[PDB]
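Computation of the quantities below employed the complete heavy-atom set of this structure, encompassing side-chain atoms and omitting hydrogens, waters and symmetry-equivalent molecules. Every chain is numbered from 1, with letters handed out A, B, ... down the list of sequences.
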Amino acid sequence: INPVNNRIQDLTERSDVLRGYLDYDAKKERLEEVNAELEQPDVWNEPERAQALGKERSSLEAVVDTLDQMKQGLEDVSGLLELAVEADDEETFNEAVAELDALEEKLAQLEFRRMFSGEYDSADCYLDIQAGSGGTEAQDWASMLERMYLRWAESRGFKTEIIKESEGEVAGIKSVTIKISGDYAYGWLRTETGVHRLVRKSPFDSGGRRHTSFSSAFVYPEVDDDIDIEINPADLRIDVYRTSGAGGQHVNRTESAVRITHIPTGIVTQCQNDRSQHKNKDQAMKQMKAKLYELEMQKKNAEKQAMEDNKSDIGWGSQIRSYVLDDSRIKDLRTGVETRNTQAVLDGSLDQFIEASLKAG
Amino acid sequence: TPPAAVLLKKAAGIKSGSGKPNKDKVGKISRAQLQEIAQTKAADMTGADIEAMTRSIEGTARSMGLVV
Amino acid sequence: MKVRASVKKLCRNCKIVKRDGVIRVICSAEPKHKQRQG
RNA sequence: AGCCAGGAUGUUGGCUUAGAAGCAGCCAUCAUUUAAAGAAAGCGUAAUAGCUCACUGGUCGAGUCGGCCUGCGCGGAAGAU
RNA sequence: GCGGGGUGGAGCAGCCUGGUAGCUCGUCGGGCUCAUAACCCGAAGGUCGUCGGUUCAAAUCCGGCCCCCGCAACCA
Ligand SMILES: [Mg+2]
Ligand SMILES: [Mg+2]
Ligand SMILES: [Mg+2]
Ligand SMILES: [Zn+2]
């Protein structure tokens, strides 16, 4: 009974948090404004505007109608639970439990969408850990982070495989790439991207001075390889002509040199090494395919380089979470969430920070 | 009279019952309930014999997906 | 006018008519259906 | 063939959809009013609507339909004194 | 067109002549050290590119297919 009341209060807080994160008053006002616009005849004068307003009204209606139905369901469940508890009706109690479970599943579906709106949140992920300023201490700290993340993945039931792991010579690991597989693994892990600051008594310094070390965790989603596309012949212009320095009656007369131009891109390849126009055309086709592939690889490498440039320097100012063991405090700078059970967090109790970050969005 | 489909849903106690009807039955209704539903709409319904109205409502429910 | 080798009735309003030794499809409903064999 | 009537009801069958009313589909696809009227064959509407049409009645009064085998033809069919 | 190759994680042997996989580094465990390297003592790891054939039996012999190399590609 009391756990059921606690569940009801948690669902009430969850619904209020959903309403406030979504600004239910703002969404309701926007929906009413869209309704007024749509009732006005001039709304359909622009078909794109009318369809946009219809889609917006459908989304706002989903959210608003779901919340309006959910509030009433919770109130009704509360009343039915009061009646069942008062009358000592076990069947009604079980029915209320089933209804509360169904409503909790509904709210959980809504809050799951809210937590993972992102397109790739459902994909598996890769986690890269790199040591930073601490040197050997940073490498040790990176190994500790790797252990923590593996333990958290095991808690969540994901499957992990070390793609690679460079080990520091004195201690720890310089770097590690880990593959995490599971349901919304990238969604759950993406908020952990950043630099992690560690403060303790350096277990390497001879004097045991209180030092600071940094380690970076970078999470990126697993990506399917690009489907190869055949070069559409309609996209190519082929020119045959005489080769330069043509020596002899035959060579002067024959059109052996081939040039292929990709109309969409403008990239041109040319071959005239062989006496046969067919061989030259085949080689030029190979070169054109290679050049298109090289262009796409160059674009992908440019995006990767942009990600590398964007990555926060693993240094003294950049930190998403601070783990001070001497003070026995762990604080997330972004969300403000603070804990004192450093041992539990290092053993893998990251759900507090991860859930807080997802809720904050 | 109010539309028949909403009354059918109300009698059932189901919300969505049309997806893949013959492949797997989502809901099911009883004939007596259908007949009781029919008799209330007799003012607007086009017929004298209530039996015809009842079987018409049965067919409507079958189209909706719920097997009688 | 679609000029092609295979001229056919595309809807129920199309009619096959031979004018001056040429098969033509004239449609009272859809101007796109107008065809000439050639 | 035209031509004249008609060409209904539950019911917009429900879902998924943004909307889905025969006519995006999915998806069932029935019974009722009977002369007959499709949970629609096409056109059409953002959706309806609307336009047909299938079906059926009534006037006119001899053919009409669309396959099979076969003879001969027609298009497809643009080149450099 | 004519020649070569593809074998523990890396580089090389073993093929010829069918029966049997080696070396060096690397990896792992224990030592030494305050600790790391070096060093010392032990271990593990390749069913031989991929299919097929031949054979009692194939890394080995034969034939495809894939990858990599060389050459050759002329008068014209
Ligand atoms: Mg001819
Ligand atoms: Mg052997
Ligand atoms: Mg020469
Ligand atoms: Zn037509």
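- No Watson-Crick or G-U wobble pair joins E:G52 and E:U24 with the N1-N3 or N1-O2 distance and the second distance both under 3.5 Å.
- The pair A:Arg200-A:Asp326 does not meet the salt-bridge criterion, since no charged nitrogen lies less than 4.0 angstrom from a carboxylate oxygen.
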Side-chain donor-acceptor pairs of residues 147-154 of chain A under 3.5 Å, sequence neighbours excluded:
unit_1, atom_1, unit_2, atom_2, d
A:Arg147, NH1, A:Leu346, O, 3.4
A:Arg147, NH1, A:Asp347, OD1, 3.2
A:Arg147, NH2, A:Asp347, OD1, 3.3
A:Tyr149, OH, A:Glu192, OE1, 2.3
A:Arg151, NE, A:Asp347, O, 2.4
A:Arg151, NH2, A:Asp347, O, 3.4
A:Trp152, NE1, A:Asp351, OD1, 2.6

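- Nearest-nucleotide positions on RNA chain E for A:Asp274 and A:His250 put A:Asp274 closer to the 5' end.
- Under the 5.5 Å centre and 30° plane thresholds, D:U45 does not stack on its strand neighbour D:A46.
- Taking a 4.0 Å limit (strictly below) on heavy-atom distances, residues 42-62 of chain B reaches RNA chain D at B:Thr46, B:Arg55, B:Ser56, B:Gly59, B:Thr60, B:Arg62.
- Remark: the bases of D:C26 and D:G14 meet in a Watson-Crick or G-U wobble pair, both edge contacts within less than 3.5 Å.
- In this structure D:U12 is not paired with D:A49, as neither the Watson-Crick nor the G-U wobble definition is met at both distances under 3.5 Å.
- A negative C1'-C2'-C3'-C4' torsion places the sugar of D:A18 in the south, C2'-endo-side range.
- Both conditions, centre separation below 5.5 angstrom and plane angle below 30 degrees, hold for the six-membered rings of E:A13 and E:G14.
- In this structure, D:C55 forms no base pair with D:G67 under the Watson-Crick or G-U wobble definition at 3.5 Å.
- A positive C1'-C2'-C3'-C4' angle places the sugar of E:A21 in the north (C3'-endo) family.
- Side-chain atoms of A:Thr261 and A:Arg237 include no donor-acceptor pair closer than 3.5 Å.
- E:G9 and E:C25 make a Watson-Crick or G-U wobble pair, with both donor-acceptor distances under 3.5 Å.
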Return a table of donor-acceptor pairs under 3.5 angstrom between the side chains of residues 25-47 of chain B and protein atoms on other chains or two or more places apart.
unit_1, atom_1, unit_2, atom_2, d
B:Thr40, OG1, B:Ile37, O, 2.7
B:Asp44, OD2, B:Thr1, OG1, 3.1

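- Nucleotide D:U81 forms a pair with no other nucleotide shown, judged by Watson-Crick or G-U wobble geometry with both contacts under 3.5 Å.
- Looking at B:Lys20 and B:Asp24, no side-chain N of the basic residue comes within less than 4.0 Å of a carboxylate O on the acidic one, giving no salt bridge.
- Side-chain polar atoms of A:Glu222 and A:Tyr186 form no donor-acceptor pair below 3.5 angstrom.
- The environment of B:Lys10 atom NZ is sparse: at most 12 non-hydrogen atoms of other residues, nucleotides or ligands sit within 6.0 angstrom.
- Between the side chains of A:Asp124 and A:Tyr184, no donor-acceptor pair of N or O atoms lies under 3.5 Å.
- The number of heavy-atom neighbours closer than 6.0 Å to CG of A:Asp282, taken from other residues, nucleotides and ligands shown, is above 12.
- Comparing A:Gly247 and A:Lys279 along RNA chain E, the residue whose closest nucleotide (by nearest heavy atom) sits nearer the 5' end is A:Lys279.
- Residue contacts shown for B:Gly65 are absent, as no nucleic acid heavy atom lies under 4.0 Å away.
- Ionic pairing of A:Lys311 and A:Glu308 is present here: one or more N-O contacts between side-chain nitrogen and carboxylate oxygen are shorter than 4.0 angstrom.
- Residue-level contact check: A:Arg57 touches neither bases nor backbone, having no heavy atom under 4.0 Å from any strand.
- Within 4.0 Å of B:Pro21, counting heavy atoms only, lie sugar-phosphate atoms of the nucleic acid but no base atom.
- Along RNA chain D, read 5' to 3', the first and last nucleotides having any atom under 4.0 Å from a heavy atom of chain C are D:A41 to D:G76.
- Straight-line distance between the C1' atoms of D:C23 and D:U32: roughly 23 Å, to the nearest whole Å.
- Sugar pucker of D:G66: south, as indicated by a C1'-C2'-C3'-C4' torsion of negative sign.
- Sugar pucker annotation for D:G25: north, assigned from a positive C1'-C2'-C3'-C4' dihedral.
- Formation of a donor-acceptor pair under 3.5 Å by the A:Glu46 side chain with backbone atoms of A:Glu48 is not found in this model.
- Base-pair partner of D:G2: not found among the strands shown (Watson-Crick or G-U wobble, both distances under 3.5 Å).
- Nucleotides D:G25 and D:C15 are base-paired: the Watson-Crick or wobble atom pairs both lie closer than 3.5 Å.
- No donor-acceptor pair under 3.5 Å is formed between the side chain of A:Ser143 and the backbone N or O of A:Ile173.
- Entry note: D:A35 and D:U17 fail the pairing test, Watson-Crick or G-U wobble at under 3.5 angstrom for both distances.
- In this strand, D:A35 stacks onto D:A36; the six-membered rings sit under 5.5 Å apart at an angle under 30°.
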Which pairs would a plain distance check flag for residues 270-280 of chain A, meaning a side-chain donor or acceptor within less than 3.5 Å of a matching protein atom at least two apart in sequence or in another chain?
unit_1, atom_1, unit_2, atom_2, d
A:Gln272, NE2, A:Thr243, OG1, 2.7
A:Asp274, OD1, A:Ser276, N, 2.9
A:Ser276, OG, A:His278, N, 3.4
A:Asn280, OD1, A:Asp274, N, 2.9
A:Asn280, ND2, A:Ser256, O, 2.8
A:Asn280, ND2, A:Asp274, O, 2.8
A:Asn280, ND2, A:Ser276, O, 3.4

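- A distance of about 15 Å separates the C1' atoms of E:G14 and E:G5, rounded to the whole Å.
- Using the rule of two distances under 3.5 Å, E:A10 and E:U55 do not count as a Watson-Crick or G-U wobble pair.
- The partner of E:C39 is E:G31, by the rule that a Watson-Crick or G-U pair needs both atom distances under 3.5 Å.
- D:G7 and D:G66 have their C1' atoms separated by 27 Å, with the value rounded to a whole Å.
- Taking atom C1' on both E:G49 and E:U7, the two are 10 Å apart, rounded to the nearest angstrom.
- Under the 4.0 Å criterion applied to side-chain N and carboxylate O atoms, A:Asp228 and A:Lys289 are assigned as salt-bridge partners.
- If you check E:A73 for Watson-Crick or wobble pairing at under 3.5 angstrom, you find it has no partner at all.
- In this structure, CZ of A:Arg242 is placed 15 Å from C1' of E:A76, rounded to the nearest angstrom.
- Judged by closest nucleotide on RNA chain D, B:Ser63 is the one of A:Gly54 and B:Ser63 placed further toward the 5' end.
- Nucleotides D:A24 and D:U16 satisfy the base-pair criterion: a Watson-Crick or G-U wobble arrangement whose two donor-acceptor distances both fall under 3.5 Å.
- Note: A:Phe214 and A:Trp141 fail the aromatic proximity criterion, with ring centroids not under 6.0 Å apart.
- Using a 4.0 Å heavy-atom criterion, one finds that C:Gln37 contacts the bases of the nucleic acid, with or without backbone contacts as well.
- South puckering is assigned to the sugar ring of E:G19, since its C1'-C2'-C3'-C4' angle is below zero.
- When the shell of 6.0 Å around CD of A:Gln40 is examined, it contains more than 12 heavy atoms from other residues, nucleotides or ligands.
- With a cut-off of 3.5 Å on both pairing distances, D:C72 has no Watson-Crick or G-U wobble partner at all.
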Under-3.5 Å N/O pairs linking protein and nucleotides 28-36 of chain E:
none

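- The partner of E:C16, taking Watson-Crick or G-U wobble pairs whose two distances both stay under 3.5 Å, does not exist in any strand shown.
- With the cut-off at 3.5 Å for both distances, D:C53 forms a Watson-Crick or G-U wobble pair with D:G38.
- Among the protein residues, B:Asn22 comes within range of the sugar-phosphate backbone only, with heavy atoms under 4.0 Å from sugar or phosphate atoms but none that close to a base.
- For the pair D:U12 and D:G13, the rule of 5.5 Å between ring centres and 30° between base planes classifies them as not stacked.
- Remark: bases of strand neighbours E:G18 and E:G19 are unstacked by the 5.5 Å centre distance and 30° plane angle definition.
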